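>>> Generate a structure from the sequence data that follows.
(3 chains, ligands or ions: 13)
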Amino acid sequence: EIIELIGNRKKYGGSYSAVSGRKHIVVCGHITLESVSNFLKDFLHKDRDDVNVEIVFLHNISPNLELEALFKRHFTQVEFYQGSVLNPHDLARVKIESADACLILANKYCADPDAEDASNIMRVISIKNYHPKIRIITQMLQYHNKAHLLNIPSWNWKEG
Amino acid sequence: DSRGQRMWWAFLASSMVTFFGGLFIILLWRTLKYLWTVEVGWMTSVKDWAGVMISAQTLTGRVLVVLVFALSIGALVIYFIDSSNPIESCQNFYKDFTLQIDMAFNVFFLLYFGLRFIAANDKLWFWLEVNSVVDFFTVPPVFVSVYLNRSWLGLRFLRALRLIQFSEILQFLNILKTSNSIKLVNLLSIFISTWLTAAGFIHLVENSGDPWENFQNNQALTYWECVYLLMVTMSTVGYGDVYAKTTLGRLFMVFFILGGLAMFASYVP
Amino acid sequence: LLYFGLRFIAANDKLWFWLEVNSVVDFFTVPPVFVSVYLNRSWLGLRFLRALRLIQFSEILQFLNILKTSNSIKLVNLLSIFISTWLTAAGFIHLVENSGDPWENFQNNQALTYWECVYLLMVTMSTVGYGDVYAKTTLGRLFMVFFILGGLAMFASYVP
Ligand SMILES: CC(C)CCC[C@@H](C)[C@H]1CC[C@H]2[C@@H]3CC=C4C[C@@H](OC(=O)CCC(=O)O)CC[C@]4(C)[C@H]3CC[C@]12C
Ligand SMILES: CC(C)CCC[C@@H](C)[C@H]1CC[C@H]2[C@@H]3CC=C4C[C@@H](OC(=O)CCC(=O)O)CC[C@]4(C)[C@H]3CC[C@]12C
Ligand SMILES: CC(C)CCC[C@@H](C)[C@H]1CC[C@H]2[C@@H]3CC=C4C[C@@H](OC(=O)CCC(=O)O)CC[C@]4(C)[C@H]3CC[C@]12C
Ligand SMILES: CC(C)CCC[C@@H](C)[C@H]1CC[C@H]2[C@@H]3CC=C4C[C@@H](OC(=O)CCC(=O)O)CC[C@]4(C)[C@H]3CC[C@]12C
Ligand SMILES: CC(C)CCC[C@@H](C)[C@H]1CC[C@H]2[C@@H]3CC=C4C[C@@H](OC(=O)CCC(=O)O)CC[C@]4(C)[C@H]3CC[C@]12C
Ligand SMILES: CC(C)CCC[C@@H](C)[C@H]1CC[C@H]2[C@@H]3CC=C4C[C@@H](OC(=O)CCC(=O)O)CC[C@]4(C)[C@H]3CC[C@]12C
Ligand SMILES: CC(C)CCC[C@@H](C)[C@H]1CC[C@H]2[C@@H]3CC=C4C[C@@H](OC(=O)CCC(=O)O)CC[C@]4(C)[C@H]3CC[C@]12C
Ligand SMILES: CC(C)CCC[C@@H](C)[C@H]1CC[C@H]2[C@@H]3CC=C4C[C@@H](OC(=O)CCC(=O)O)CC[C@]4(C)[C@H]3CC[C@]12C
Ligand SMILES: CC(C)CCC[C@@H](C)[C@H]1CC[C@H]2[C@@H]3CC=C4C[C@@H](OC(=O)CCC(=O)O)CC[C@]4(C)[C@H]3CC[C@]12C
Ligand SMILES: Nc1ccc(Oc2c(F)c(F)c(C(F)(F)F)c(F)c2F)c(O)c1
Ligand SMILES: Nc1ccc(Oc2c(F)c(F)c(C(F)(F)F)c(F)c2F)c(O)c1
Ligand SMILES: [K+]
Ligand SMILES: [Mg+2]
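Numbers count the residues shown, from 1 in each chain, chains lettered A, B, ... in the order given. Ligands and ions are numbered 1, 2, ... in the order given. Find the structure here:
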């Protein structure tokens, strides 16, 4: 019991350090092995022009061994931090003030489409509440839920 | 140098200077800038090049990591051979394959430590790391011994702590991809490394003696016998054929019984 | 020997039949008897392997349509494996300890009986370790070191 009580610690706690002359983005939402692999494979393709933006994930569940191995494979251009996007402390930890954009992934194969949309709406509201000028890209499952995003005070579709 | 006098303190002092003395440079630098406050730069390019080299993202990076795997075992094997020599002996650098091959290994481990230092984010928490600590306690004494024309079987048993990096460099090489294999390699590496390290510490303490007893408790033991003793202790079988008889050995055995027993009970099944 | 030929003929893949426990024990037990009757002189070699033939008891009981339920099959499997490996390890210890070390001209031998070796291995496998009897040769100590890892787990998992 003592051995278990000691060593109960978060290995992914910490804060991102900005680099002068280099952008970065924040990815949150439905983080899993297949989704992350597909997203990275499409984002870091060689057909795109030379890019040097960093990808900073943010999830509240510690990754498993093979996801950690994937992050090790993409060691010098991907970072992971444990936290919740509904927490201003975490949002400040991931240096969201200077982030170029925030991407929110969705769970297409979900049991209830409405709950996922509600959670995504909450995440968008939290991010815009913390910083009302960041650019947000999100996935919506149902059309009648997309009209709710049009009523957020800071959601500008003319901007990206 | 001095045949009659014991020179063990020189080797130990070298390692403590680099660790503690180098640590304060980091702390002094942070406070000095604190009072100063009252496109990518060239440093960033060097840092990302060092990170790419450390990872296996290039053909040059792949061969460097493989050499780290090979030389970490080679340095460990050399310790096994040299463990049967007297505790503190005299050897010259110009007429021995050993202490000359070991020079090549330890010079390489110094350069690899430099690359890891550059690629780190927070230098303080990189300094306070297990691999950095084992490098600090392993590398400088070789140069000290070469300068002094002497030798001492000091904290050389720490060379078995380099086996932990295997499970990570295999993932860098894109060899391990599945959770079961990753877990198996992690467990095996940790278990073997800590077992061998504990055996080496017992060997050193028992064969040397007690410093405040003027080295009169020296009990003659071999590395294989110490490995057998640690295995019997971890298994909780506990014959009376071999056991620690010095004060430091008994103290370390008492403190190791707390953790090694639980580790053995959990890992092996 | 005849029973080995019949199994060989009926085998599907000869390589994987060759690399089998019963085939190995037959290989290491049968030829030495002919060698002994030729040379008119014997040697207590790897004859302790005959205890590994107790594994097939459950299989032949299922062949004879005696074991049909699951609990009986599990009980017979556990008992057979436990007894066979216990006796085999005891035999190996007996041979190694009664003989010397080949790189010592057999000068460090210890006088032990098979019953004493069985008692020693029971005490070791139960993690009691009286210390009244123990192995003193290099090969004996090495085999005990490797046998602990498997035997302790086997005992603790099988006896309850
Ligand atoms: C983990 C790092 C911080 C290393 C820590 C090592 C110390 C715990 C050891 C290393 C050297 C040891 C010392 C080496 C020799 C001596 C002299 C000895 O006194 C003698 O002159 C010995 C014979 C006598 O008692 O008359 C008393 C113990 C002492 C101070 C030892 C005390 C314990 C020391 C400081
Ligand atoms: C913190 C870890 C890494 C190392 C811990 C080492 C201690 C267990 C050592 C370090 C200093 C040692 C002491 C240094 C000197 C002495 C004096 C020594 O006595 C004498 O020198 C003369 C009187 C006598 O013969 O008892 C008795 C042991 C003692 C207390 C030693 C006991 C063991 C100590 C506390
Ligand atoms: C935990 C598993 C992986 C088994 C671990 C085995 C070790 C306990 C073995 C492997 C290599 C062995 C060493 C290989 C060679 C030597 C040198 C040998 O001495 C000589 O060859 C020179 C003459 C002499 O000093 O006797 C003494 C034993 C020793 C230290 C051996 C001690 C026992 C070692 C460390
Ligand atoms: C597959 C892995 C586990 C390696 C297997 C081989 C090693 C475990 C062997 C190789 C050389 C052996 C060593 C060769 C000679 C000696 C000296 C021997 O001491 C003696 O002088 C004899 C004492 C006695 O016979 O009782 C103690 C065992 C030891 C260290 C042996 C321990 C076992 C060693 C390290
Ligand atoms: C956990 C940390 C605080 C270390 C705890 C032990 C130490 C504080 C040292 C200080 C003085 C030492 C003692 C100094 C002298 C002796 C007498 C000594 O008596 C003997 O017969 C000597 C045997 C031997 O050491 O070879 C037994 C160990 C003992 C109690 C030592 C045990 C370890 C002690 C208590
Ligand atoms: C795969 C299993 C079932 C069987 C494996 C058997 C080997 C482990 C045995 C069989 C023959 C043995 C060898 C037979 C004779 C010798 C010579 C013997 O020479 C000496 O005693 C001289 C020592 C010296 O003066 O240096 C040393 C042991 C050795 C190599 C033995 C080592 C162990 C061997 C290889
Ligand atoms: C991997 C498993 C299945 C078997 C492991 C067997 C080893 C522990 C044996 C096999 C060959 C043995 C070696 C064969 C011959 C010698 C020379 C022999 O030379 C002497 O007799 C000189 C010193 C002395 O008298 O002991 C010393 C032991 C040694 C190294 C033996 C050490 C133990 C070895 C490595
Ligand atoms: C139903 C099953 C479980 C019964 C199994 C019984 C065996 C485990 C016992 C029965 C008689 C025993 C034997 C009785 C006497 C001796 C003589 C003994 O040699 C002595 O000189 C013993 C001296 C002493 O008694 O101290 C060596 C063991 C041996 C062969 C014993 C070996 C173990 C034996 C065969
Ligand atoms: C049944 C299991 C679970 C526990 C006991 C297993 C062994 C320890 C027993 C079973 C059969 C016994 C053997 C049965 C018969 C004999 C022959 C017996 O021979 C004599 O009476 C004299 C021999 C001589 O002249 O030295 C000596 C004991 C011995 C080897 C016994 C030794 C102990 C053995 C191997
Ligand atoms: N040949 C020799 C010379 C001095 C020795 O003194 C040490 C000591 F007293 C001690 F406490 C430690 C500890 F920090 F690890 F605990 C050591 F490493 C020591 F080296 C020794 O053990 C052996
Ligand atoms: N009478 C005698 C003669 C030679 C011996 O040499 C062996 C040996 F060195 C060895 F290592 C093994 C092992 F493979 F099983 F380990 C053996 F089986 C051996 F037979 C021996 O043990 C006893
Ligand atoms: K005991
Ligand atoms: Mg980075």
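
>>> Could you use CA atoms for every contact and neighbour count after this?
Fine.

>>> count of neighbours near residue B:113?
15 (other Cα atoms under 10 Å in any protein chain shown).

>>> Quick one: residues contacting it.
Listed by Cα atoms under 8 Å, 6 or more residues apart in numbering or on different chains, the contact set of residue B:113 reads B:132, B:135.

>>> three-state assignment of it?
helix (DSSP: H, G, I helix; E, B strand; the rest coil).

>>> Spell out which residues of the stretch 101-250 of chain B are next to ligand 5.
Proximity of the stretch 101-250 of chain B to ligand 5, by Cα under 6 Å from any ligand atom, involves residues B:217, B:246-247.

>>> What are the boundaries of the helices in chain A?
Ranges of helices in chain A, per DSSP state H, are A:2-5, A:33-43, A:65-73, A:88-93, A:113-130, A:143-149.

>>> wait, which of those is closest to residue B:30?
helix A:88-93 (20.6 Å; Cα to Cα).

>>> CA-only coordinates of the closest one, as PDB, when you get a sec.
Below are the C-alpha coordinates for helix A:88-93, written out as PDB (Å, rounded to 0.1, in the frame of the first residue of the first chain):
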ATOM      1  CA  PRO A  88      -8.200  27.600 -17.600                       C
ATOM      2  CA  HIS A  89      -5.000  26.400 -15.900                       C
ATOM      3  CA  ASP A  90      -4.600  23.700 -18.600                       C
ATOM      4  CA  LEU A  91      -5.400  26.100 -21.400                       C
ATOM      5  CA  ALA A  92      -2.700  28.400 -20.100                       C
ATOM      6  CA  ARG A  93      -0.400  25.400 -19.700                       C
END
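
>>> count of neighbours near residue B:44?
16.

>>> In contact with the residue in the stretch 151-269 of chain B that ligand 4 sits nearest to, which residues?
When distances are taken as Cα to the nearest ligand atom, the stretch 151-269 of chain B reaches nearest to ligand 4 at residue B:224, 5.0 Å away. Applying Cα under 8 Å, 6+ apart to residue B:224 gives no contacts.

>>> Quick check: phi and psi at it.
phi -60, psi -40 (degrees, to the nearest 10).

>>> Let me know which of the helices of chain A is tucked in deepest.
Among these, the stretch with the highest mean neighbour count (mean count of other Cα atoms under 10 Å in any protein chain shown) is helix A:65-73, at a mean of 19.

>>> any idea of the angle it forms with helix A:33-43?
With axes from the mean of the first three to the mean of the last three Cα atoms, to 10 degrees applied, the angle from helix A:65-73 to helix A:33-43 works out at 20 degrees.

>>> so how many other residues sit close to residue B:106?
Based on other Cα under 10 Å, the number of other residues close to residue B:106 is 20.

>>> and it, what element?
Assigned by DSSP states H and E, residue B:106 belongs to helix B:101-119.

>>> Sort out which residues of that helix are buried, please.
By 16 or more other Cα atoms under 10 Å in any protein chain shown, the buried positions in helix B:101-119 come out as B:102-103, B:105-106, B:109, B:115-119.

>>> Any chance of a markdown table for the residues you listed, columns distance to residue A:91?
Shown next, in a markdown table, are these (distance: Cα to Cα, whole Å):
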| residue | distance to residue A:91 |
| --- | --- |
| B:102 | 50 |
| B:103 | 49 |
| B:105 | 45 |
| B:106 | 44 |
| B:109 | 39 |
| B:115 | 32 |
| B:116 | 29 |
| B:117 | 29 |
| B:118 | 28 |
| B:119 | 25 |
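
>>> can you redo the residues you listed as JSON lines with distance to chain A?
JSON lines is the format used below for those (distance: Cα to the nearest Cα, whole Å):
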{"residue": "B:102", "distance to chain A": "31"}
{"residue": "B:103", "distance to chain A": "31"}
{"residue": "B:105", "distance to chain A": "26"}
{"residue": "B:106", "distance to chain A": "26"}
{"residue": "B:109", "distance to chain A": "22"}
{"residue": "B:115", "distance to chain A": "14"}
{"residue": "B:116", "distance to chain A": "13"}
{"residue": "B:117", "distance to chain A": "14"}
{"residue": "B:118", "distance to chain A": "13"}
{"residue": "B:119", "distance to chain A": "9"}
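
>>> any idea which of those is closest to ligand 11?
Nearest member of the buried residues of helix B:101-119 to ligand 11, counting by Cα to the nearest ligand atom, is residue B:102, at 32.3 Å.

>>> Between its first and last residues, how far does stretch B:240-253 reach?
In stretch B:240-253, first residue to last residue: 15 Å (Cα to Cα, to the nearest Å).

>>> brain fart, stretch A:59-76
19 Å.

>>> Is any residue of that stretch near chain B?
Yes: between stretch A:59-76 and chain B, judged by Cα under 8 Å from any Cα of the partner chain, the touching residues are A:65-66, A:69, A:72-73, A:75-76.

>>> Let me see the backbone angles for the residue in the stretch 101-250 of chain B positioned nearest to ligand 10.
Proximity of the stretch 101-250 of chain B to ligand 10 (Cα to the nearest ligand atom) peaks at residue B:208, 4.6 Å away. Torsion angles at residue B:208 (phi, psi; degrees, to the nearest 10) stand at phi -80, psi -60.

>>> thought it was touching residue B:222?
No: distance between residue B:208 and residue B:222: 11.9 Å, which falls outside the contact criterion (Cα atoms under 8 Å).

>>> Looking at these two, which one has more neighbours?
residue B:208 (21 against 18).

>>> List the contacts of the more buried one.
Here residue B:208 is in contact with B:87, B:215, B:218-219 (Cα under 8 Å, 6+ apart).

>>> Residue B:10 versus that one, what's the distance?
16 Å.

>>> now do residue A:152
Applying Cα to Cα to residue A:152 and residue B:10 gives a distance of 70 Å.

>>> for residue B:77, same thing?
25 Å.

>>> Please apply the same query to residue B:169.
In terms of Cα to Cα, residue B:169 sits 34 Å off from residue B:10.

>>> And the two? Which one has more around it.
Neighbours per residue (other Cα under 10 Å) separate residue B:169 from residue B:10, with residue B:169 holding more: 21 against 14.

>>> residues touching the single nearest residue of chain A relative to ligand 11, list them.
Nearest residue of chain A to ligand 11: residue A:65, at 38.7 Å (Cα to the nearest ligand atom). With contact taken as Cα under 8 Å, 6+ apart, residue A:65 is in contact with B:178-179, B:182-183.

>>> Any of those residues buried? List them.
Of the contacts of residue A:65, these count as buried by 16+ other Cα under 10 Å: residue B:182.

>>> Can you tell me which of the contacts of residue A:65 is closest to ligand 11?
Among the contacts of residue A:65, and counting by Cα to the nearest ligand atom, the member closest to ligand 11 is residue B:183, at 31.1 Å.

>>> element containing that closest one, please.
Counting by DSSP H and E, residue B:183 is part of helix B:179-208.

>>> and the one helix or strand residue B:36 maps to, C-alpha only, in CSV?
Assigned by DSSP H and E, residue B:36 falls within helix B:22-37. Output of helix B:22-37 as CSV, limited to C-alpha atoms (Å, rounded to 0.1, in the frame of the first residue of the first chain):
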residue,chain,number,x,y,z
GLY,B,22,27.6,21.5,-12.6
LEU,B,23,24.1,21.6,-10.9
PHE,B,24,24.8,24.9,-9.3
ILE,B,25,25.8,26.4,-12.6
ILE,B,26,22.3,25.8,-13.8
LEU,B,27,20.8,27.3,-10.6
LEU,B,28,23.1,30.3,-10.6
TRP,B,29,22.3,31.0,-14.3
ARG,B,30,18.6,31.0,-13.6
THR,B,31,18.8,33.4,-10.7
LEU,B,32,21.4,35.6,-12.5
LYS,B,33,18.9,36.3,-15.3
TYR,B,34,16.1,36.7,-12.8
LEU,B,35,17.9,39.7,-11.4
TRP,B,36,18.7,40.8,-14.9
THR,B,37,15.0,41.0,-15.6
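
>>> Nice, that's everything, thank you.
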